[PDB]
Structures are given as C-alpha cells and as structure tokens.
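A.B. asks: Sequence, then structure. It's an experimental one.
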Amino acid sequence: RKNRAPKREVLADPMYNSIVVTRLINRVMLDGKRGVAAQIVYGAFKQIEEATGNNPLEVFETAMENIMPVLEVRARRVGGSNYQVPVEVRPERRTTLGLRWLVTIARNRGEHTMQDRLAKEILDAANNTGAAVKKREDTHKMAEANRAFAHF
Amino acid sequence: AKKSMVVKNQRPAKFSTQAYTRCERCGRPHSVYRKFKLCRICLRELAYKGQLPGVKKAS
Amino acid sequence: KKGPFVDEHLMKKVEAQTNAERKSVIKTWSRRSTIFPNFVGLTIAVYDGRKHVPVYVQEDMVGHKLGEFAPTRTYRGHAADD
Amino acid sequence: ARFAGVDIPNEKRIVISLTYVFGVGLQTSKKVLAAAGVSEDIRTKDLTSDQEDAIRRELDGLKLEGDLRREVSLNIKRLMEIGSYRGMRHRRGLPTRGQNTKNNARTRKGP
Amino acid sequence: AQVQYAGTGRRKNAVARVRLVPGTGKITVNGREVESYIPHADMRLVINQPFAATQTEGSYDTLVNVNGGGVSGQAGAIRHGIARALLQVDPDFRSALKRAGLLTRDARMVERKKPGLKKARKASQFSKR
Amino acid sequence: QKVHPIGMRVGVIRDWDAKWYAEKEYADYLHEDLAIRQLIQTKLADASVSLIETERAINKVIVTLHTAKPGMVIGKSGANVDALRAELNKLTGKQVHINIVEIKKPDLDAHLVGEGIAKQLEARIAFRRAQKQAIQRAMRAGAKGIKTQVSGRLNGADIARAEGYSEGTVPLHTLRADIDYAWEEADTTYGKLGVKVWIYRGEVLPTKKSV
Amino acid sequence: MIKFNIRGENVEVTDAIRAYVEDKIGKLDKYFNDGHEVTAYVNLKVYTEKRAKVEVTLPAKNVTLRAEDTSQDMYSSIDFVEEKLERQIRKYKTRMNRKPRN
Amino acid sequence: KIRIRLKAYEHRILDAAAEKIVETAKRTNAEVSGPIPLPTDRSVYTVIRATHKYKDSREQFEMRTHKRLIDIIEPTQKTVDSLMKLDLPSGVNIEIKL
RNA sequence: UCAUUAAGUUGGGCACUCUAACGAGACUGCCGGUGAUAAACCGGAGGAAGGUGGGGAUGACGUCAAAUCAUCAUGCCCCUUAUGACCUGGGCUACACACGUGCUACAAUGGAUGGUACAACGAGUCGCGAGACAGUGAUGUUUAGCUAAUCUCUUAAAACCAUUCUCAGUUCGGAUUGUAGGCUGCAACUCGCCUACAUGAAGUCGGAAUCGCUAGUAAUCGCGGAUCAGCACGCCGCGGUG
RNA sequence: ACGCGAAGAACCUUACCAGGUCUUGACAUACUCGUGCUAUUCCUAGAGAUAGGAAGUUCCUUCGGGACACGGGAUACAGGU
C-alpha cells in the first residue's frame, strides 16, 4: 500500500537475553500458545545445556549466521522479461526469514517431541552444517544470474 | 390461510407442542422473541419506528 | 421408559379385539402405539395415509409405534440408492 | 482358556491390552485391572505369573467375545424384519439413527 | 494493615486495586503470587517494567489486589495498576511514564461486530460457482 | 438503499412514542397499546390524525393523544374522542384518558401535507403542481430543508416517476436531522402512490442525554 | 471438459439444442486448456416470447466470465450468445496469450 | 430504610429529572446517600435488516438498563406524605422500598 | 479501611470497586523543516491519549427492472360445492452424485495425571434452579438462594506439576452399530436428545487450485442469549490466551 | 444463492399433497327472523374429526331485545400462505 505503516515490537529476553527468543516464540508459537512456545525455546537452550552447556548465543548466533543470507530475490519485468533483480534486506527481516527456516526444519521433522526434532535442528544447528547453509546458498548461487540490475 | 395461520393458533389446540406462538399481526414462523411476544420480522416492521431503548442504527 | 406411553382408542381395540376376535384392520393414527406379549398373533393396520397396512404380528414386533410398525415411509426405492 | 492368553502384546497396560482384544474395555477392563490388581502393568513384556490365573474367569465376565460376534449376529439376525424399517437401513448400509443421509456419511454410505 | 494509596489503574476487564505499601520492592498479589494466580508466564517479569525495572528501580511492597482479565488483561492491570500505583507511592516516575508510556490503559479490543459476520474480518469461503 | 431519518431518530435519538417504562410486560402493553394506536388512527376515520403517544403509567395507563385541530376532530364540542374514549374503555377496559392538543400548524406536518395532498391525488390532482404547491406552502412557511417523494403506478405503469421540487438542505447522512417525515401508499385501480415528506424546520435532534 | 451445470430455470430441458450448447462449448474445448467449470442458467417466459434469457458462467482455472444475454428465440440466444462466447475468446486471445504486450 | 430504585431502561432521559420529586423526600428528611448510578443491565436484539430474501446484513438493538438508588435510613413519614406525588414520566420502573 | 474472620460480611469501613449520572479530557492544540502565500505535510516536546485518540454508524446523486404477488396491493383469473377448511399420521429433512458447508482428526504442544484463575454471564423467585444426591449421566432425590450490583448459573479453557503412550493406522482416530438407561413432551425413526459401555472404519497433513489473514489481527478459548416442552460445531454479541 | 429466508415446522405447526373431509362456508362484514345466559362440563361412538344425547342457550333495559345476539332463513363476501 502507500505508506510505512508501523510495525509492532515484542520484548527481548531477560532469561537468555535475545529478542529472537521471543521472536522464536513468534514463529514456534501457534494458536497463541506462548507458554508452550517458551517451553520449547527454554527447552532448546536446555538442548544447548546438555550438549555444550555454553551460552545460548553460540549455537543460536552461529545458527543466525547459517540462516541469515546475504541476498534475496525479487520479480522485476520489462513486459514479461522477468529479470530476477535482487536485494539485500536488513537483519530484522533476514533474521525473520531465518526464523522461518528454523521453524521450517525445526518443525517439519517426524521425530518424537517438538524438542526432539527441534533437538535435531537446534542440535544440528550446533552441528552448523547441511540444511541451513544450503538453505541460503540456494539463493546465493543465483546471484550471478541476478547480475542484471535495470539494464534491458 | 391468514386465518388458518393467524386464527388457528388463536384457537385452542392441544398443547405448546402444537400451537407454537408468534406475533399477533401476521402469524409468521419462528425466529420469534417469546421473551417479548413478537416476531423478529414483524417486530422489525415496528423497528421502522422502534419503541425500544436499544440503539436504532443496527449495532 | 419410566412413565410409559401407549395408544388409547386402538388400545381399546387391543382390548376390543383381544377379547372378541383377532381379525380386522383399523383406520389407525398411531405415532403412539406399543405391542404387548398378549398382542402377538393378530392382524392390525398401519396408517400411512392411504393404505391401512394389513400386517399380522409376530413376537419380533417389540413395542414400537405405528410410525415404525412397517416401513410405510414411502420412498421409491429401487431406483438409485447406495 | 485361552482368553487372557490370547495374543499378548508387550509395552502396554492390560486395559489397552484388552481394548486391543475384541471387547473388554474401559469400564470392565479397568474394573478387572483393579479386580486382578494389575495397574500398569505391564510396560514390561511380562503380564504376571498368576494374575493371568485370576484373570481367566475374572476376565471371563463378558459373555462372550465370540458371542459378542454372535451377539451382534444373534441380535440383528433375529432383528432383521421387526419392521424391517431399521433392519433394512442397517444392513443395506446406512447408519440407522434415522439419520439425514442426503450428502454426507459418505464412507459407510458408499461413494 | 495501613491505609491505601489509591492506585487506580487497570486494563482489559481487570481490576488492580493495588494495595500500596512503602517497602523493599516486595511483590505479593492478592496475598499470593501472580505466578500462583496466572502461572506464570514471563509477565511475572513484565511486572518489572511496570514496577521494578521502571527507572531501575522502584522499591515498595505492593500488596496488589487484582481480578479479571488474564495473562495480558491483568498484566495490563500490572502495567497501569502497578506503574500508576508506583506513581501513587512516589510521583517521581513520569520520566519513565513519558520515557516509555505505561499509561492511557488503551483498551484496544475487538470491534462492535456487524451481525452476520463471524469475527467481523472473516467469511465462510467463496470459490466461484 | 436509503436510510430512514425518523427510522434512526424516533427510537432513542428522539424519545419514544411509547414514552414510558415497565418491568416485565413492557412489550405487552407496548404492542397492544400500538394496536390501540391503530384503533385511534382508524377510528379517526371522520377526522384528521396528527400524532398519538399512548402511555402506561403509575395509574397503569395515561393515554397521550394529539389532534390536528381541536375545533373539528375532538367532537361537536369535544365528545368524539371522549365518547370514543369511553368506547376505548369498552374496548380494553381501563381508566382511559383524553389529551386534546392540536399539533401546531399542520401545514408544517408531514402527515397532513403529504397525506392531504395524497387524498387530493385520490381526487386526481396534477402531482407536479401539487409538489410545487405544498412544498411551496411549507417552504414558504419556513422548513429549512424540505422535500417529498411520490411513486408511480398509473393504470399499469412502471415503479416510480420523478419528483419535482424535491429540494431543501436535508443533510440526511449527517447527524443533525430534525425532520417531520412521512410516507404513504395510495391504493387505487390505477395503482399505488408513495408520498414521503421530509420537513426540516428544526435543525438539531438528539433527545438522549440527561444529567 | 471438467464439469457443467446445465439449468433450464423456467422451462424443462431438452438435449438437442442443449447438445448444440454442448458442441459450441465443444468449441470452447477447441479454445480450452482446462475447462474447469461452466453453468447453463436460462430463462424464458410467457406472452409469445417477449424475451429469451440464457446464461452460462465460465469459471476457467484463471478467468471467470458469465453470459446472461438475450434474443427473441431461445434457439437464437443459444446461437448468438454462444457465438458471443466465441467472439469473447476472440477478445480473450491477447487477454490470455499476450502476457507480453511488446 | 427508604431506598429508591429509579430502575430505568435508560436513566438519561427525564427520569433523571425524576430524581427531584424524590428529592422532595430528601428534604423534610436527613442522612441522605444521594444519587447512586447503578450498574447498567444490557439486552440484545439481532434481526434481519431485509424482509425475506438477500440477507447480506442484519440489525442489532442493545436495550440496556441504567438504574438509580437513593439510600436514606430514616423514613420520616412526611416523606411518605411526599410519596403520594410522582410526576415524570407516566410510567417508569420505580421502586420505593423500606 | 473501625476490617477482624461463614465471611466482604458485620454494629460497621466508605470516593477504596470509582458504581455510572455528570462535567472537564487532544482541538495542528503549541513548536521546528516547511508549504507559491495557503490548505496541508514531516516530525518533536507536552499530551493519559497526536494528528478525524480508536471501534460501530453515515449507503449519495444513480445503477442493477432482482428480491419481496407467503406483511403490503391494484389489472384479471379460481374467488361462493373449494387453491376455503377440522382430524389423522406419512412426506416436507428422503439419496446413484457434484459444489454450498464447519468441526473433528491424522498427533507428543496431542492423549490421559490435576488444580487451577480469569472477562463474560442474561431471562428469572412466572423461571433460574445449592456443598441436601441415586449416579456412568440424562434427571430425580432437595431445591437452599433467587423482583439480580443477592442467587443456582457465573467454579470456562489453555500457562501449572504429577505419571506414562514418545511413534505406530498410534492409551489412538471417534464410522456406526447392538444395545442397557434417563430427560423432553400426549408421544424420540421419519420428524430431538443425552449418559454409558463393547466392537472404534477412514485418517499418517491434503491435486489443480481457491479464500481469508497489516491488531488483540489471524489464530485461539469460553460465556450467555438465539429458537424453544424437547432440541444450535457454523447461529448474535461479549470477552480469556496470543 | 446456500449455516438462505426457515436462529428448532417430533407431527395436524406445513407451505402442500394422501385419506376420513364439509359446503352459508373452520375462520366469515353481510340483509332477515320463532328468540335469546354462548356456559363449562361431559357421555356415546369414531383415528380423531365429526355426529347423537345430558344440565350445556330461552333476553341484563321502559322491556324488538342493545347486552351472550341465541340458533336459523339468506343478499353479501372475507377465507388461495
């Protein structure tokens, strides 16, 4: 629409000190089940607490590096000549898309509990390989085809 | 039909199982406020005017 | 059920045909009928609205109403079903 | 015997290990869960040694599972033609609540 | 106990008759914990920005009286009831009340719904017949 | 669709024609008193209806009435609404009450202007000069925003013709509409005539606030 | 194609000229890619055909377009209105194919 | 213990000015807990906005109930001599109890 | 608050709930970059609220001859032995089949384990209807209270910890069924239920596609009306989470 | 257009049909009359209708009777949802 109509803001964590704790609640939390959502998030820094026992931001922020790409895409046409001319949006939206990525693979895995397949992707996020880095290189390799800007 | 459907339920039938009530202008079927003895549809014909403390502009 | 329910005038034909003769049909009406164990072995009609159905009774006919004595709920039936 | 000795599962309670069985369930299988004093039990891959021997005739209160088969059979197959206002609808196949069969009840109704 | 300070703030069909004790920062809601009235739900730690983290800090024993609402309703009554109640014990927290708000008790809610509409923003569905 | 001004005024934005309260039988006495109001408007059949507000009271009823003039309607000297009032006592069986009050200047009433000119439409008046005539009479007599409306139906015709001189600042969308408005159907062999009279002398009309 | 809904909504239905409907929408199935749904909805009345209303709606898989048009004869409404569907697809060539205009 | 409900479907009409004919009972009397605005009791109507077909929209009418009390412990039966007069409106849901 | 313990309920305490009956409370009001000059914009402070604070309403010249011949009626038609009726049950809801159509599932956030805390919550001492109770529940057995800012409703759910089923057509998933009972009414199949129980089918996340969703907004959970002897996932509003 | 009129027609409720089913019409305003308190309650049969009988109707003001018009002779036409 026309304007920069305002967004909303949730508060950052005092427990493990990240706003993406409660934004991780903003993607795992479905049907407004915020207490179960915090049970999964606090249970996931508990998944850090068995595996490494370190700060949440090691696995959580290396995970953020895995799931925050550089580039995203856009449809831009001449009259049908859809040059996929790209953009590189800011870390609130990039972090938001990475939250879609961790809710994606840390949701849709046929394992035992939400903290068990989210133990597969928060613990494999502690293994910091595979699906996330490919889940951004799937757009990163396209940029050479996205070399055109407004040329023809 | 206006008298087998107005006058008939005015005539004593068996019970409430038989003679279901309605307003007394036109014997219109249910959706009838028996708490105010009048039909919705026929009480709406008043609610052209309205003699009620309800707000009139369709809240 | 507690506080049972039963016919009245063709209850007086249960008591007017149980004593006299177990034979005839009736211009019946019943959504309010039953069957007693004494009632078995006779013939009664079922009011669909045109055909007072002449059915004798067997002990299988437990105490239902004449709205469900025989399936006189007319629906044809053998055309396109199941 | 065998009734309780029929087709043992592991990992379960005996109550689900008897709703598992054709019949005895949440009223009665919990009733003889307590009457044999079982109470979860198993999750074991062992039922007991002798609460079997209780639950032979303690379980054998239902008359019978094979006469649940012959109780549906002995019930309805006499109950064919009372009307047959209900038996024809039940065995032609529609759920005979007196149920609105216009569109839905699609699986038992038959597409 | 002693006489109140009239802390009259609330939100969203809740009542926060906040009993106001000049104290240490002790929080006891209806003689209980609000993690015993509505467990828990980190809104226990969104009592702090109403009261404790407000200006870092306000230290009074607020024996809070509430009912109504819920994890956002009477926690909004924590916001206006206990932020405004903190203003009632000490009126020197409007640096925070107009640094961050914590007032108006805005009562944002669902519309005066049009009859016929389900949630006033959703229909059954339509394809095109 | 068109909003009815009195249809959003006379309930609570203007106070009630049933300007009384009850506890349980509110719609009972209200609706049956509206049937009684129908009996008033049909048993003024040799008179002129203006306005009536039948009331229930502490004495379980006070009938509020209005006339279009006292000198002709109320009786030979005042005994038609009084003898017919006792006839209402032998209708519903209650203490029954007369209120002889002329609705002042009924050439500024939507009832007598539009219904009178509709009775002259029964007398087959040229309806355009009837519009200019009557709305010129009352617009001549004030009526800060004033219009009307006539439907069609001439011996097998369409729905509605036009409406000349349907004028006057009647800000019906706005929330300042103080309008004596009416409407009418004239049933004939040739058809029916809708007559809808907007009269706007007063400017303001909420009647809903009191300390 | 996929599905119809033939509906004579005042007079009974007769599948000679309804088959002619089925064949000119057969030429819709010469100009089809997925004939997702259609619906015939026609209306003829008294007084020696002072009208001839017909209708068919066209929910294709991307576009939807109905046709409630008239002639004196209902046969002529099937004629000129289904020919109007042909010329509508003739209007729908560049409106369908030429997603480039340049 | 004279206690007066002016129960009203809405108090905010002339029945708010009915508080003065009972203020005739406030005078010639003392110890007046005066006008108490009672919690309003609501009521709901939902009806077809059209007549018979095409129900896109409905209508609602929330008949609420704005009530009133005055609480005087002493009757002072010259205020029962003031009980005989009660002017406006014709009929309101008034309760004058002990 | 004198509380001073069935207890918010008291001889009482009184604005505390603010109770709703009232006024004042945000009007570019003020300021800066401004705007051709203005209307305005951008923002700032104040301001509880900031740019018509927010939400309903307010359907216009006019269109759709569509709907209202079952409120309302004229043209004519059957209007008088008939399309006007009294009764009686069976249809009206029937089902080869498409879309209208929501909930329920497929699952571990579930499903059992418990004890929460909440807005609502309107009719009513006409009726709602206790901790008096046979209970599996329908309902009795009692109806206490109940002219409602009394009372039975009104103690709603998720968040709470407790155990497991942590993996599967699954303590499943609830299609029926056969019943075995109660409620309603004169009567529960057509043409209401509800409470068991036993068997417990699909179903292992949904073509083409569609639609809705930028704030308490989707999602979500409850309450009442709603009709009414009986009978409501979607059926009105309100809010609980988010 | 389809949680649509119809936010509850168990069913005579219903629109409409079957059957019993009458024709001053069930419901009717209508001219006229031997003339009146219409009672409810019944009993008989019948599916109930609907028929028969029992007390259930033989004038409330100067008296025709208004009043219950009683039940009829009948223009009149309500009663098609």
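C.D. replies: The structure has been received and is ready for your questions. Numbering: from 1, shown residues only, chains lettered A, B, ... in the order given.
A.B. asks: So the nearest residue to residue G:68 once chain neighbours are set aside: helix, strand or coil?
C.D. replies: The shortest distance from residue G:68 to any non-neighbouring residue, by CB to CB, 6 or more residues apart in numbering or on different chains, is to residue G:55 (4.0 Å). For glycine as for every other residue, the C-beta is placed from the backbone atoms N, C-alpha and C. Counting by DSSP: H, G, I helix; E, B strand; the rest coil, the backbone at residue G:55 sits in strand.
A.B. asks: what sits against residue G:55?
C.D. replies: Residue G:55 makes contact with G:39, G:40, G:41, G:42, G:43, G:66, G:67, G:68, G:69, according to CB atoms under 8 Å, 6 or more residues apart in numbering or on different chains.
A.B. asks: and if we set it to 10 Å?
C.D. replies: Residue G:55 makes contact with G:7, G:9, G:39-43, G:66-69, G:77, G:81 under the criterion CB atoms under 10 Å, 6 or more residues apart in numbering or on different chains.
A.B. asks: Narrow those to those that are buried.
C.D. replies: Buried residues within the contacts of residue G:55, counting neighbours by 16 or more other CB atoms under 10 Å in any protein chain shown: G:39, G:40, G:41, G:42, G:43, G:67, G:69, G:77, G:81.
A.B. asks: Check the offset of stretch A:141-152 from the chain's centre.
C.D. replies: 25 Å (CA atoms, centre = their mean, to the nearest Å).
A.B. asks: Please read the previous query as pertaining to stretch A:97-107.
C.D. replies: Here stretch A:97-107 is found 5 Å from its chain centre; the criterion is CA atoms, centre = their mean.
A.B. asks: same thing with stretch F:37-49?
C.D. replies: Mean C-alpha position of stretch F:37-49 versus that of the full chain (CA atoms, centre = their mean) differs by 12 Å.
A.B. asks: buried stuff in that stretch?
C.D. replies: Here stretch F:37-49 shows F:37, F:39, F:40, F:43, F:44, F:47, F:48, F:49 as buried, counting by 16+ other CB under 10 Å.
A.B. asks: is any part of stretch A:111-128 close to chain E?
C.D. replies: No - using CB under 10 Å from any CB of the partner chain, stretch A:111-128 never reaches chain E; the gap is at least 18.0 Å.
A.B. asks: Now do the buried residues in that stretch.
C.D. replies: By neighbour count with 16+ other CB under 10 Å, stretch A:111-128 contains the buried residues A:114, A:115, A:117, A:118, A:119, A:120, A:121, A:122, A:123, A:124, A:125, A:126.
A.B. asks: tell me the SS of the fifth one?
C.D. replies: The one in question is residue A:119. helix.
A.B. asks: Is it in contact with residue A:111, as I believe?
C.D. replies: Yes - under the criterion of CB atoms under 10 Å, residue A:119 makes contact with residue A:111 at 7.8 Å.
A.B. asks: Name the secondary structure element that contains residue H:6.
C.D. replies: For residue H:6, the host element (DSSP states H and E) is strand H:2-7.
A.B. asks: Can you tell me the strand partners of that strand and which way each runs?
C.D. replies: According to DSSP bridges, strand H:2-7 forms sheet pairs with strand H:67-72 (antiparallel), strand H:93-97 (antiparallel).
A.B. asks: Not counting its neighbours along the chain, what's nearest whatever residue of chain C ends up closest to chain D?
C.D. replies: The minimum distance from chain C to chain D, using CB to the nearest CB, falls at residue C:71 (3.8 Å). Once flanking residues are discounted, residue C:71 sits nearest to residue D:85: 3.8 Å by CB to CB, 6+ apart.
A.B. asks: which among the buried residues of stretch A:111-128 are in contact with chain D?
C.D. replies: Within these, nothing lies near chain D by CB under 10 Å from any CB.
A.B. asks: Please identify which pair of these lies farthest apart.
C.D. replies: Farthest pair in the buried residues of stretch A:111-128 (CB to CB) is A:114 and A:126. Separation: 17.1 Å.
A.B. asks: quick one on the thing from earlier: could the C-alpha coordinates of the strand holding residue H:6 be exported in PDB?
C.D. replies: C-alpha atoms of strand H:2-7 as PDB (Å, rounded to 0.1, in the frame of the first residue of the first chain):
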ATOM      1  CA  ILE H   2     -36.300   4.100  52.500                       C
ATOM      2  CA  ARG H   3     -34.400   3.100  49.400                       C
ATOM      3  CA  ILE H   4     -35.400   4.200  45.900                       C
ATOM      4  CA  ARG H   5     -34.600   2.500  42.700                       C
ATOM      5  CA  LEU H   6     -35.200   4.500  39.600                       C
ATOM      6  CA  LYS H   7     -34.700   1.400  37.500                       C
END
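A.B. asks: Surely residue D:70 touches residue D:78?
C.D. replies: No - the criterion here is CB under 10 Å, and residue D:70 misses it with residue D:78 at 11.2 Å.
A.B. asks: Next, name the residue at the spatial heart of the chain.
C.D. replies: You didn't pick a chain, so chain A it is. In chain A, the residue lying closest to the centroid (CA atoms, centre = their mean) is residue A:98, at 1.3 Å.
A.B. asks: what's the distance between it and chain B?
C.D. replies: Distance of residue A:98 to chain B, given as CB to the nearest CB, to the nearest Å: 46 Å.
A.B. asks: Please, which helix or strand holds that residue?
C.D. replies: Under DSSP H and E, the secondary-structure element containing residue A:98 is helix A:91-105.
A.B. asks: That helix and RNA strand I in contact?
C.D. replies: No - Helix A:91-105 lies out of reach of RNA strand I by CB under 7 Å from any atom of the strand, never closer than 8.8 Å.
A.B. asks: list the buried ones in that helix?
C.D. replies: Neighbour count says helix A:91-105 has A:94, A:95, A:96, A:97, A:98, A:99, A:101, A:102, A:103, A:104, A:105 buried, by 16+ other CB under 10 Å.
A.B. asks: Stretch D:86-106 now?
C.D. replies: Buried-residue list, stretch D:86-106, by 16+ other CB under 10 Å: D:86, D:87, D:89, D:94.
A.B. asks: RNA strand J: which of those residues is nearest?
C.D. replies: Nearest to RNA strand J among the buried residues of stretch D:86-106: residue D:86, at 16.8 Å, using CB to the nearest atom of the strand.
A.B. asks: what residues are up against that closest one?
C.D. replies: C:64, C:68, C:71, D:76, D:79, D:80, D:96, D:97, D:98.
A.B. asks: Swap in 6 Å and give it another go.
C.D. replies: Each residue near residue D:86 by CB atoms under 6 Å, 6 or more residues apart in numbering or on different chains is listed here: residue D:96.
A.B. asks: and if you look at residue A:44?
C.D. replies: When contacts are counted by CB under 6 Å, 6+ apart, residue A:44 touches residue A:122.
A.B. asks: does any bit of the helix or strand it falls within sit next to RNA strand I?
C.D. replies: If you go by DSSP H and E, residue A:44 is part of helix A:34-51. Yes - for helix A:34-51, a contact with RNA strand I is found by CB under 7 Å from any atom of the strand, at A:34, A:35, A:36, A:37, A:39, A:40.
A.B. asks: Now a PyMOL select for only the buried ones of the residues you listed.
C.D. replies: To isolate the buried subset of those in PyMOL, counting by 16+ other CB under 10 Å, use the following:
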select buried, chain A and resi 34+36+37+40
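A.B. asks: about what we covered before: now what about the helix holding residue A:98, what contacts it?
C.D. replies: Against helix A:91-105 from outside (CB under 6 Å, 6+ apart): A:23, A:27, A:28, A:67, A:68, A:121, A:131, A:135.
A.B. asks: Now intersect those with the helices, please.
C.D. replies: Under the assignment DSSP state H, the contacts of helix A:91-105 contribute A:23, A:27, A:28, A:67, A:121, A:131, A:135 to helices.
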